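One structure is given here, and the rest of the page talks about it.
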8 protein chains.
Amino acid sequence: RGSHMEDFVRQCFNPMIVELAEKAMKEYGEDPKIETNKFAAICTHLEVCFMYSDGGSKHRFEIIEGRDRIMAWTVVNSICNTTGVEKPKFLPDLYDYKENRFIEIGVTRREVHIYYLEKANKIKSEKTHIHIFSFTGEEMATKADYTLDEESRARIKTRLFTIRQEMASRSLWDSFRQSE
Amino acid sequence: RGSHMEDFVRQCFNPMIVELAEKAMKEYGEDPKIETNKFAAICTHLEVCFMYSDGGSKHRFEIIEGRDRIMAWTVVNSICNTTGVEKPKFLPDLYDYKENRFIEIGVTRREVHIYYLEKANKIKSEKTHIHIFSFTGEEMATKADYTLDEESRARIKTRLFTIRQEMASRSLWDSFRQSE
Amino acid sequence: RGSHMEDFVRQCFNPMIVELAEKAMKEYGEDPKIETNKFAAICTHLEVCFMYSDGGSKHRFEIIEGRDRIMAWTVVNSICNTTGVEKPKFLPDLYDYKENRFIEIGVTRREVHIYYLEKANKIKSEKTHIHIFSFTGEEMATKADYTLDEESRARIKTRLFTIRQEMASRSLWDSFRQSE
Amino acid sequence: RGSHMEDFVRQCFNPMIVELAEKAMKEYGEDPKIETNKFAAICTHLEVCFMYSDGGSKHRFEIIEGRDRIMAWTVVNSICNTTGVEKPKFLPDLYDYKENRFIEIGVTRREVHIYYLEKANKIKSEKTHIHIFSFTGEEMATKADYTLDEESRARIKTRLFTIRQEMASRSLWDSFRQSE
Amino acid sequence: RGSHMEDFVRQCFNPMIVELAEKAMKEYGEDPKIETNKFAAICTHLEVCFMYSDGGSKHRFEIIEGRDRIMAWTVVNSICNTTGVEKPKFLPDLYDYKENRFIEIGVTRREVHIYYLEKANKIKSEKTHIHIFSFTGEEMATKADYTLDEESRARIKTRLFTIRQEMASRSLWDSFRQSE
Amino acid sequence: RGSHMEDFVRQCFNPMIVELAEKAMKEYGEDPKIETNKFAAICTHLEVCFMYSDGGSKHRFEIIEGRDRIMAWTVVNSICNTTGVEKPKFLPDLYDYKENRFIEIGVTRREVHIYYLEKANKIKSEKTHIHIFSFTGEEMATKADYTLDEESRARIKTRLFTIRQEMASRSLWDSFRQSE
Amino acid sequence: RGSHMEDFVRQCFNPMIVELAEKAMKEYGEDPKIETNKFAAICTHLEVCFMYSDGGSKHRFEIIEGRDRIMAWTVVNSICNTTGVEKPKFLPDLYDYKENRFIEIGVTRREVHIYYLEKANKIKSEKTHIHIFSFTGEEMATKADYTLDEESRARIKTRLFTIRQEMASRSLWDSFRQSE
Amino acid sequence: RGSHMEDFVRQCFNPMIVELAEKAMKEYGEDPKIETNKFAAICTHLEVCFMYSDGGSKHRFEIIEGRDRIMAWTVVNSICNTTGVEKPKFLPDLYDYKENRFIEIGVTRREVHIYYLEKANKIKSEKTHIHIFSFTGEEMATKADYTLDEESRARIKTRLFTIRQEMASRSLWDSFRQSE
Ligand SMILES: [Mn+2]
Ligand SMILES: [Mn+2]
Ligand SMILES: [Mn+2]
Ligand SMILES: [Mn+2]
Ligand SMILES: [Mn+2]
Ligand SMILES: [Mn+2]
Ligand SMILES: [Mn+2]
Ligand SMILES: [Mn+2]
Ligand SMILES: [Mn+2]
Ligand SMILES: [Mn+2]
Ligand SMILES: [Mn+2]
Ligand SMILES: [Mn+2]
Ligand SMILES: [Mn+2]
Ligand SMILES: [Mn+2]
Ligand SMILES: [Mn+2]
Ligand SMILES: [Mn+2]
């Protein structure tokens with residue numbers, strides 16, 4: 001099928017992220033060789049989730065994203081049945097053992113304003129925290145509480161803009177921006 | 001002999017925990033292929049001990065559990081002969097170099113209330129600290145002093161409930177609960 | 001979902017075989033947590049293919065099985081366009097650079113007689129070689145030409161009978177035999 | 001307990017051999033810290049078995065020794081049920097896929113004459129091949145058929161004499177010789 | 001600069017080949033980000049050289065290609081000053097210790113006829129052997145002496161056609177063919 | 001060409017530093033076999049940059065030095081487009097996510113006074129921080145703000161003096177000092 | 001030569017410590033196969049030095065012990081020429097970048113009182129800090145300043161008593177105690 | 001001390017050869033930092049011995065060189081006490097299990113004629129085989145029996161001439177040639 005996107009994705013993200021993105025995609029009946037924009041996004045969203053969890057303290061976060069659907073919900077339940085938080089309706093990306101809340105991480109090519117309202121209206125889980133980033137460098141978190149310190153968040157932002165430049169250097173960014 | 005428990009134990013715990021559990025069992029004349037509930041427990045108790053020691057600071061804990069009987073007592077003695085704590089009658093699981101006390105870690109399928117009294121009456125070592133967890137998510141430590149911060153203990157609790165769900169998903173939990 | 005088969009499969013085959021079997025299954029819309037007999041088979045068929053290719057000389061075989069559909073056909077075509085053999089209708093498992101032919105490897109719980117006729121009638125590619133094994137220890141190859149020497153084939157047979165005993169030790173063999 | 005033998009055994013054999021010897025010993029209710037001569041022997045017998053299997057061609061031997069009792073018999077049965085050799089009464093050490101026979105490897109501190117008769121009278125399996133070595137450098141195989149070529153057997157002999165010198169250098173050989 | 005070729009090259013060849021190709025290119029004042037066809041070729045020519053040397057016996061070939069200019073000539077000289085072959089004017093790719101000759105390996109997108117005459121007229125070293133391959137599957141060696149056995153050469157040919165299909169699947173083959 | 005410097009450089013710095021220095025040199029049309037003093041310097045400057053970034057907290061610094069020109073500027077831009085700092089005219093060595101500034105690291109064989117003025121006059125980027133070290137042990141940073149704590153800086157200084165002694169032990173220091 | 005000590009030393013300390021101890025011994029014309037008590041001591045003193053440096057913060061200590069004589073003095077000089085501390089007459093074991101002083105670590109089988117006076121009278125370097133430990137569990141540091149926190153020092157003490165028990169379990173302790 | 005030779009030796013031979021050469025030198029009271037020509041030779045002689053043993057079949061040679069004096073003689077004795085060859089007076093470099101003889105490998109900067117007579121007159125062990133090489137490319141073995149096939153010996157010769165060129169490129173060869 002031979003997509004420039006697909007070769008760029010494989011040279012741009014580390015193999016562990018690429019393998020994991022393929023699982024979720026196939027597990028949801030999507031094709032990384034055909035749905036190449038979504039493939040690029042899932043990797044990106046995956047790497048952000050991973051840097052995010054790296055920002056905290058040793059035992060701070062439980063990583064929900066990157067597991068398979070059944071096991072992701074298994075840990076979700078174990079978390080709810082031991083802390084007592086309400087079981088979310090939709091799969092979150094993380095759990096903060098420090099603040100005792102679930103995190104939903106979104107990565108957008110539009111206004112951080114737009115995505116967040118979209119995610120807040122779908123959630124209505126109240127307790128679940130929302131933290132979104134954009135490819136231009138803005139972030140936006142519930143109650144203005146950004147969980148991590150500035151430097152951990154600054155790096156994520158830097159990485160997201162590197163991915164943008166690399167995508168645009170290959171004339172792929174325009175098509176990627178119109179994907180979301 | 002072919003026990004569902006035994007295959008689940010080997011897929012659920014990491015190889016280092018499984019090897020170590022087998023040593024202790026054989027070293028005490030028990031068979032992991034036949035005593036599969038106890039095999040599952042020893043692994044679990046082993047993993048809890050290991051996460052527990054991971055919760056502290058770099059040099060905080062000496063790990064007694066997981067060594068062979070003779071060497072476990074050797075370090076126990078070295079600890080007593082250098083700090084001056086009373087030599088316990090029964091093998092503890094850890095030593096806290098911060099609070100200067102031995103830790104006994106128990107993992108229960110009953111009320112944290114029941115196990116602790118059972119362990120306190122057998123101990124009578126006074127100095128030795130007791131910290132027990134349950135598979136439903138409660139903990140219970142001497143003098144309400146839980147040694148680790150909440151997040152390290154929360155993770156242990158989460159893991160213990162994942163093991164429960166996985167065991168029950170395979171219809172093994174009922175037999176495991178009636179083992180203790 | 002918790003299948004004894006599924007835990008046995010993961011403890012019985014090496015991780016590389018299990019990962020690869022899952023790809024092919026998901027890539028063909030099958031579930032290893034639900035289609036556990038087929039999961040066990042695909043692993044077995046995979047390990048046989050791998051030992052088989054290990055039997056020859058250094059550069060003897062090209063391994064078609066275990067690649068993804070698109071790439072498996074890519075090498076198939078490269079092989080046909082460089083040797084000149086007829087392009088098979090169905091994906092083979094190997095290519096013999098020594099005898100210059102494609103190999104179809106089957107693994108059966110029935111008479112080696114039955115499977116081979118089934119595979120010969122579906123093939124009709126004439127050139128493609130067929131080599132089947134059973135779980136009881138018989139083999140059966142086109143033109144009585146068994147490609148490998150006796151010892152390489154003897155080991156495959158031994159392994160196949162170990163898998164049978166292990167499956168039956170866990171009361172899984174009866175259900176597995178009725179799967180084919 | 002502190003045995004010179006036990007420290008010498010651990011410095012003289014590689015960790016994989018030492019771990020494996022401990023399994024078999026514990027699995028048969030023997031103590032390597034107390035039965036140190038037998039501990040030294042089992043390691044030696046283990047290393048000989050391993051070099052022996054290394055002497056053949058790639059797929060020549062199946063290694064029975066070093067597995068646990070139940071799994072060693074499992075492969076034994078798979079071998080018998082696929083070749084058709086008679087199932088031995090006693091666990092052999094190897095299987096020769098080339099000559100299609102089981103091998104019993106013995107290592108002696110007495111006359112190769114004595115041990116072999118002892119092993120032949122106990123066996124009576126007829127088909128099972130016997131190949132014994134001594135610490136002084138002699139060997140002795142059924143039907144004068146020594147399976148491996150001279151060089152592979154010469155190395156085993158050399159190693160066995162190195163172990164003797166090292167043991168005697170530490171004044172352990174005399175007690176070891178009187179063990180058998 | 002963002003070349004589809006360049007991303008495909010990095011996903012198609014192993015990292016060791018890509019690193020080595022970059023050295024030679026930079027060492028000769030060429031840019032892999034700009035001269036992407038030549039970048040793709042040098043990798044290909046590199047991988048062929050490496051499989052080629054893998055075809056012989058253990059100590060058969062000395063690999064000249066892939067070293068830096070100064071060190072490649074150093075070994076060339078050591079080879080000439082110890083065997084007595086004439087020192088080539090141009091850097092060869094290999095040395096055959098079996099046939100005692102230097103090998104020049106070429107990889108072409110034109111007729112194996114054309115490239116070979118081009119390489120023979122430039123060489124005039126007489127002793128130096130020439131062995132060329134094409135992307136369609138033909139080979140062509142001096143004195144019809146192809147050095148390796150058929151299977152080693154068949155694999156090279158297969159790989160070369162896989163690279164062609166992958167390049168064309170991405171609409172890169174047409175531009176690559178017009179590069180040579 | 002055989003330079004004592006070049007052999008000393010390869011035995012004195014770790015392979016990762018040596019490889020990276022060669023890239024930058026070749027990427028700028030310099031020869032490490034001929035420009036051996038500059039080769040020694042680039043390694044040194046590289047190791048200082050690396051220890052420097054190791055001094056901070058986990059996510060403190062982004063390392064600009066050691067990347068290739070195009071990618072170094074890519075991250076530079078991502079940093080500027082996400083924080084809003086002015087885009088430097090010249091490539092810096094690091095970015096401090098804590099103090100939000102770019103760092104220029106210089107290593108001198110002259111007065112820390114001289115180099116700094118030279119670097120300040122060329123920079124005029126105002127925002128970019130300057131931190132220089134000498135081989136005799138002095139440092140010198142903008143606004144007397146030395147970013148790292150004393151111990152991290154003390155180690156760099158120690159290492160720089162070890163390199164001096166080693167160079168002089170080989171009678172290479174005099175020529176190296178006259179290089180700058 | 002075959003010393004029980006020598007086999008115990010090799011099973012008791014990790015290979016890196018044993019290799020390093022042998023260097024220093026040979027570099028000073030001592031034989032670990034003959035001077036086995038001193039061999040045991042140098043390992044012990046080495047492991048203490050290593051745990052000690054592990055107690056501090058990331059960049060706290062420079063490790064002098066374990067290097068070869070010439071290189072140990074090279075770093076010593078670099079440290080003196082960059083901080084300005086007086087160059088010790090005798091090789092210390094460490095440097096504290098936090099407190100800016102050299103550390104001499106001694107390990108004794110006598111009264112911590114005796115060794116320290118012996119080391120203080122030989123030193124007279126004033127600035128160099130002295131910190132000694134005993135095999136019974138006492139420590140003793142200059143100005144009652146023990147550099148590390150209690151837990152790091154407690155572990156060293158525990159380890160030292162384990163080595164004592166292991167040595168005595170093998171009837172080697174009595175001869176070791178009379179060595180010092 | 002800083003010898004160009006010593007830096008060249010460390011960049012020219014692999015770390016395992018350099019470590020091993022240092023052992024033998026220190027074990028014989030020689031200094032690689034001062035006796036740099038002998039240091040270069042011992043490495044060279046070591047690498048030749050290692051390639052030599054690599055030339056044979058899997059179990060062909062026992063490597064005597066590179067062990068410590070006591071252990072080298074231990075294997076020598078084990079070889080003699082199991083084959084029955086005469087115990088050499090001087091330590092050989094190898095044992096050929098194929099031809100049943102000890103090998104003395106010499107590497108010369110003079111006529112292969114001179115060295116061999118020197119080694120034959122000192123030996124007088126009759127049975128011990130002698131095989132010498134020169135840096136110009138000639139070899140010379142007892143009874144014109146060169147043990148290995150031409151290609152294995154050709155590579156050794158090539159390597160020896162590379163070392164010569166590298167040494168001379170650094171103006172070290174002249175001093176090295178006058179060392180022998
Ligand atoms: Mn998600
Ligand atoms: Mn999300
Ligand atoms: Mn316990
Ligand atoms: Mn417990
Ligand atoms: Mn197939
Ligand atoms: Mn098939
Ligand atoms: Mn046996
Ligand atoms: Mn036996
Ligand atoms: Mn070339
Ligand atoms: Mn070529
Ligand atoms: Mn720079
Ligand atoms: Mn700089
Ligand atoms: Mn010291
Ligand atoms: Mn000291
Ligand atoms: Mn020698
Ligand atoms: Mn010699």
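Read the numbers this way: they start at 1 and go in the same order the structure lists the ligands and their atoms. Protein chains get the first letters and strands the later ones, always in sequence-line order, with residue 1 at the start of each. All values below come from the heavy atoms of this structure, side chains included, with hydrogens, waters and symmetry mates left out.
- Looking only at atom types and distance, the side chain of F/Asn100 has a donor-acceptor partner in the side chain of F/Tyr95 under 3.5 Å away.
- No donor-acceptor pair under 3.5 Å is formed between the side chain of C/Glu104 and the backbone N or O of C/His129.
- Residues forming a ring pair (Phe, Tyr, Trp, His ring centres under 6.0 Å) with C/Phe133 (at least two apart in sequence, or on another chain): C/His131.
- For the 3.5 Å distance criterion, the side chains of G/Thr108 and G/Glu180 qualify, holding a donor opposite an acceptor.
- Evaluation of the side-chain hydrogen bond (donor to acceptor under 3.5 Å, both in side chains) rule for F/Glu65 yields no partner, not counting sequence neighbours.
- The set of protein atoms (N, O or S) found at less than 2.8 Å from the Mn ion (ligand 5) reads C/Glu65 OE2, C/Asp93 OD1, by chain and number.
- Residues forming a side-chain hydrogen bond (donor to acceptor under 3.5 Å, both in side chains) with F/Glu30 (at least two apart in sequence, or on another chain): F/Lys38.
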